[PDB]
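Letter by letter, the sequence shown follows residues 1 to 95 in mature numbering (1 follows the signal peptide of the UniProt record, and there is no 0).
All C-beta atoms, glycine included, are put in the ideal place defined by N, C-alpha and C.
Comments concern the structure below.
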Amino acid sequence: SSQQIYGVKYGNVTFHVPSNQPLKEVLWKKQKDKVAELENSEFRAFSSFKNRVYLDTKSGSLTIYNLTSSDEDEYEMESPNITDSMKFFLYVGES
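Here it is, written out as structure tokens:
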């Protein structure tokens, strides 16, 4: 199933992943774009998210930083160990 998260402009949020096994290769996406991607023990974001993201190196959980009105979108993660792919919805609020 999917999950929704509650965020706030200029705030932080984390997208927990039920990965029984340490996610070695994770890939987070946002709509028709790319957010972050973990592989070869190396984490890296896309576009300019790298300067506003904090992807974990264990469960593959992703922690965004400094949210905006555009951050309020349905994110989707992908992992080899994962069953297929999850969709963690993000909601940006004022407070």
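Exercise. Do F46 and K34 have their CB atoms nearer than 7 Å?
Worked result: yes
Exercise. Quick one: any contact between the segment 44 to 58 and the segment 1 to 9, if contact means 3 or more CB pairs under 8 Å?
Worked result: no
Exercise. With respect to the beta strand (DSSP E) encompassing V13, which residues constitute its N-terminal and C-terminal limits?
Worked result: 12 to 15
Problem set entry | Sequence ranges, beta strand (DSSP E) only - wholly within the segment 25 to 80, length at least 3 | 26 to 30, 33 to 39, 42 to 45, 53 to 55, 62 to 65, 74 to 78
Exercise. Just how far apart, CA to CA, sit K24 and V13?
Worked result: 21 Å
For this session: My understanding is that residue 126 touches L27, with C-beta atoms under 8 Å, so please give their C-beta distance in whole angstroms.
Result: Limits of the chain in this structure are 1 at one end and 95 at the other, which puts residue 126 out of reach.
Exercise. DSSP beta-bridge partners for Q3?
Worked result: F88
Exercise. How many Å lie between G11 and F88 at the Cα?
Worked result: 17 Å
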